[PDB]
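Just one chain follows, in the form deposited in one PDB entry, and it is written as structure tokens.
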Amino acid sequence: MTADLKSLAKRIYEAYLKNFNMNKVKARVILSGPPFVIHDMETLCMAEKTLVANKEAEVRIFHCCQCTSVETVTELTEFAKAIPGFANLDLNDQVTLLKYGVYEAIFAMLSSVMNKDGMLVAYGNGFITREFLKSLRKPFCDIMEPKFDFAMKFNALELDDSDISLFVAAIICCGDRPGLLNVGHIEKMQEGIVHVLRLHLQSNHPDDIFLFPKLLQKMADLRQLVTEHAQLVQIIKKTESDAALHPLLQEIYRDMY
């Protein structure tokens, strides 16, 4: 890798460590063994009563997840400035790339805090079990299990934060998002990031030279995961009278898929 490329990879990496609340190194430290375990209705309510000393438990959970989304949206917007060319793009194209990319990035990064038994929540202070989420009443029990299925395979790739930062940058740089005005410049931006991702993976993972095509397929998987998630969110929005959607997230979903 040329010093410029090698340096650009570090640039991306440092912006990822700087802007994102959680990262894989820290998550693994906490998960290695002290997070309060949410494994049933009793422990969920105990955990809630920590913050609010009426709505169904499923709906409370539905709204906590949204707060994590809003926060990650803000962090991703700042992260994106480190991508060579992004800040030089038309303002509307920036909005378009982030609108379509944020949820793909969200589910990619949530894998870092997930293992086969559950996931870290509430800024590392809670661990909610996979089985508890499966026990929620339909259709809320169908929200997270596809995310766990994705994460277990994604985590099997054994990426580190230096790979993931580039992967997330690559996600944001997809030149085939609908409504992009300056498609040609975005494709050049994408080609540059994917170029850095490709070379970095070869350097960082000599034991798996097929990691790059595996990750391209995970990008396609994430796109389908997001489409299906948005559909389930919409169904919960229309049915379920107590389920509200944060206005920033509504605008993300609006006219998306």
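All residue numbers are counted from 1 along the displayed sequence.
The same protein has a further form, the form deposited with a partner chain bound, not shown here; the description that follows concerns it.
Although the partner is absent from this view, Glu78 contacts the partner chain in the deposited complex, with a non-hydrogen atom inside 4.5 angstroms. Contact between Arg177 and the partner chain in the deposited complex is not found at the 4.5 Å heavy atom cutoff.
Among heavy atoms of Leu98, some come within 4.5 Å of the partner chain in the deposited complex. Contact between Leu91 and the partner chain in the deposited complex is found at the 4.5 Å heavy atom cutoff.
Comment: the partner chain is not present in this chain, but in the deposited complex one of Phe86, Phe140, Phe127, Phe107 has a heavy atom within 4.5 Å of it, namely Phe86.
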